[PDB]
Structure formats: structure tokens, C-alpha cells
Amino acid sequence: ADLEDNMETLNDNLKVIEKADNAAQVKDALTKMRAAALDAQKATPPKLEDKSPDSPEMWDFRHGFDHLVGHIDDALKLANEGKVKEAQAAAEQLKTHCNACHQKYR
Ligand code: HEC
Ligand SMILES: [Ca+2]
Ligand SMILES: [Ca+2]
Ligand SMILES: [Ca+2]
Ligand SMILES: [Ca+2]
Ligand SMILES: [Ca+2]
Ligand SMILES: [Ca+2]
Ligand SMILES: [Cl-]
Ligand SMILES: [Co+2]
């Protein structure tokens with residue numbers, strides 16, 4: 001999957017998590033979100049295509065997904081213990097990091 005597909009996976013599973021009814025639905029959504037974020041991390045955003053792959057902007061873009069994965073992992077620990085409401089709250093707090101990267105590179 002390319003970068004925009006990974007981003008659509010993140011956006012879709014976000015809406016899934018807030019509409020979810022049980023911990024299984026939340027755990028499956030977070031697992032796909034983890035893979036999409038790690039896959040997106042290997043991509044180059046169109047706005048940075050004329051920058052070097054080694055540029056500080058590209059490393060900042062990659063580091064943003066490291067932090068996002070950390071939050072998905074923390075939310076995964078909550079969903080694995082049946083705490084769907086806590087997991088839904090954690091998944092809602094991803095949005096501040098979604099927006100912060102987008103303001104720079106989207
Ligand atoms: C930087 C480390 C990012 C974080 C974290 C998130 N997004 Fe993202 N997003 C990023 C870029 C550089 C782009 C543009 C890519 C392109 O090919 O144009 C996007 C785009 C989106 C989109 C629109 C997809 C499209 O077809 O253009 C959506 C709906 C989107 N992003 C959602 C999204 C969500 C829900 C995130 C948190 C889970 C998130 N993004 C994080 C860069 C980064
Ligand atoms: Ca891919
Ligand atoms: Ca697009
Ligand atoms: Ca595509
Ligand atoms: Ca698509
Ligand atoms: Ca529902
Ligand atoms: Ca327990
Ligand atoms: Cl709960
Ligand atoms: Co954070």
C-alpha cells in the first residue's frame with residue numbers, strides 16, 4: 001500500500017474505534033493502524049519529494065510515525081485488557097499528532 005492508502009486505513013479505523021462496541025473490534029482496528037503507520041513510515045510525502053531522503057525533514061516525518069506507533073502500542077495494551085473505553089480515549093488522542101504532522105508535510 002502507498003502513503004495515501006495507509007492514511008485512509010488510519011482514518012477509517014479511527015472512525016471504527018469510536019463506533020466500536022467491544023474490545024475485539026478495537027484490537028483489530030489498532031492492529032491494522034499499527035501496520036499502516038509502520039508502512040507509511042517507509043514512504044516519501046509529495047511535499048518532501050524534492051528533498052533528500054536523508055534530509056532533516058524526512059527524518060522528522062519518520063520520527064512522527066515512531067511516536068504514533070508508541071501511542072498505538074499503549075492503546076493496544078488497554079484493548080488487550082478489555083478496556084475499550086480507555087482504548088477509545090487513547091485512540092482519540094492520536095488526532096493531535098495526526099494534525100501536527102499534516103500541518104508540516106501534508
Ligand atoms: C506524519 C508522520 C503523519 C502523521 C502522524 C499522520 N499523517 Fe496523514 N498524511 C501525512 C502526509 C504527508 C499526507 C499526504 C500524503 C499524500 O500522498 O498526499 C497525509 C494524508 C492523510 C489523509 C489524506 C489521504 C489522501 O488521499 O491524501 C488522511 C485522511 C490522513 N492523512 C489521515 C491521518 C490520520 C487519521 C492520522 C492519525 C492516525 C494521520 N493521518 C497521521 C502525514 C501524516
Ligand atoms: Ca506498501
Ligand atoms: Ca490524495
Ligand atoms: Ca492507492
Ligand atoms: Ca486509496
Ligand atoms: Ca456501533
Ligand atoms: Ca486486567
Ligand atoms: Cl470498557
Ligand atoms: Co504524544
Side-chain angles (χ1 to χ4, degrees), residues 1-18 20-50 52-106:
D2 55 55
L3 180 50
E4 32 229 318
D5 287 327
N6 295 331
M7 290 292 156
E8 284 175 63
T9 301
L10 295 173
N11 198 40
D12 294 344
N13 280 284
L14 214 38
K15 279 129 173 63
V16 153
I17 283 162
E18 256 306 343
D21 310 307
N22 62 70
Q25 301 176 322
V26 174
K27 180 180 177 153
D28 178 66
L30 283 171
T31 300
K32 300 180 173 163
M33 294 188 78
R34 205 199 195 265
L38 281 175
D39 199 32
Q41 189 184 46
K42 295 162 158 286
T44 304
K47 251 182 115 173
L48 299 179
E49 91 167 18
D50 277 322
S52 166
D54 210 35
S55 65
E57 283 94 339
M58 277 302 296
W59 283 118
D60 189 53
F61 168 83
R62 287 168 73 160
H63 291 162
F65 287 119
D66 282 338
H67 191 81
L68 199 79
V69 163
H71 276 280
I72 293 168
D73 286 349
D74 288 329
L76 215 43
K77 269 190 251 301
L78 300 161
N80 289 342
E81 299 245 67
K83 311 180 183 181
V84 0
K85 269 201 173 98
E86 286 179 59
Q88 284 171 325
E92 200 73 357
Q93 97 184 204
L94 301 181
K95 295 176 87 148
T96 187
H97 291 297
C98 308
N99 184 61
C101 180
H102 289 170
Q103 290 309 127
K104 287 187 275 194
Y105 304 130
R106 180 182 172 175

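All values below were derived from every heavy atom in this structure, side-chain atoms included, with hydrogens, water molecules and symmetry-related copies excluded. Counting starts at 1 for both ligands and their atoms, following the listed order. If you read the sequence from its start, that first residue is 1, and numbering goes on from there.
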Verdict with supporting geometry, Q41 and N6, side chain to side chain donor-acceptor pair (under 3.5 Å) = CA-CA 10 Å; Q41 189 184 46; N6 295 331; over 6 Å; no

Assess whether side-chain contact (heavy atoms from CB on, under 4.5 Å) is satisfied between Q103 and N99, documenting all intermediate values.
-> CA-CA 6 Å; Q103 290 309 127; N99 184 61; 3.4 Å; yes

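The Ca ion (ligand 5) does not have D2 among its coordinating residues (no N/O/S atom, backbone or side chain, under 3.0 Å). Residue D5: an N/O/S atom is found under 3.0 Å from the Ca ion (ligand 5).
To the nearest 10 degrees, the angle centred on the Co ion (ligand 9) between NE2 in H71 and NE2 in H97 reads 100°.
Side-chain contact between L94 and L68: present, with at least one pair of heavy atoms (C-beta onward) separated by less than 4.5 Å.
Within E8, OE2 is the N, O or S atom that lies nearest to the Ca ion (ligand 5).
The aromatic rings of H97 and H67 stand perpendicular to each other, their planes meeting at an angle above 60°, with 30° marking the opposite boundary.
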